[PDB]
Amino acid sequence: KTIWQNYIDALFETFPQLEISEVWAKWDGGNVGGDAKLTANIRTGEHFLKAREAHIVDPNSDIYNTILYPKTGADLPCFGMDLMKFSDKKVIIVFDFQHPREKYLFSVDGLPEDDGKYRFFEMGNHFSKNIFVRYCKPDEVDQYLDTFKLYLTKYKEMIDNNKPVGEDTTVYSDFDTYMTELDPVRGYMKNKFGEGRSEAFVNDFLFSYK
């Protein structure tokens, strides 16, 4: 199992409509069975274009990367999460409302802020004033679970109060173009699963509305 199960459960507790509509990849790779496992899922449901759910695990790594893309028409942000356990004393937890409009600073008043000193992501470009990043230990991940449920409640609120119905995937063009520029997914998958698979995972699954 995953250290992440309590995040994963809270996610689909808040959004019970997100049913798997395509299992994009179940892949084995890494060291030889294969010791690296990818589950790539796409989920649909009321008020969403998609939720794309990547989950990679090997003996050392445990990575859950999931973006909720809502239907367009209501200027709504995505909700993105990168739950990354690299070693057994190194985890990084990332979650934010990620707005499709470039250069623009989105926020939700009441929520942790941020500043925003965090190095790998740029506040105000597809990351909000309330971007949540922490570094911690595997055994202490659930300390931030309630904060997580607070972001989910707020995001649920804004979906429910706007109820978008548009399907204009080009709204997310700039966003997914930007996110494809992030490292290291491309190379991590390259090594672990091969070039064809890394290319497809990134361009056809993770960030496919470029």
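Numbering starts at 1 and follows the sequence shown.
Deposited sequence between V32 and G33: 1 to 3 residues lack coordinates. Between 141-149 and 179-187, the higher mean Cα B-factor belongs to 179-187.
Higher average CA B factor: 33-41, of the stretches 60-68 and 33-41. Per the PDB entry, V91 shows the highest C-alpha temperature factor of the residues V91, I131, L76, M81.
Sorting the modelled residues of the chain by their CA temperature factor places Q98 in the lowest third. Per the PDB record, residue ranking by Cα B-factor puts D168 in the middle third of the chain.
Per-chain ranking of the deposited C-alpha B factor places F193 in the highest third. Among all modelled residues in this chain, the alpha-carbon of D160 has a temperature factor (C-alpha) in the middle third. In this PDB entry, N203 carries a Cα temperature factor that places it within the lowest third of its chain's modelled residues.
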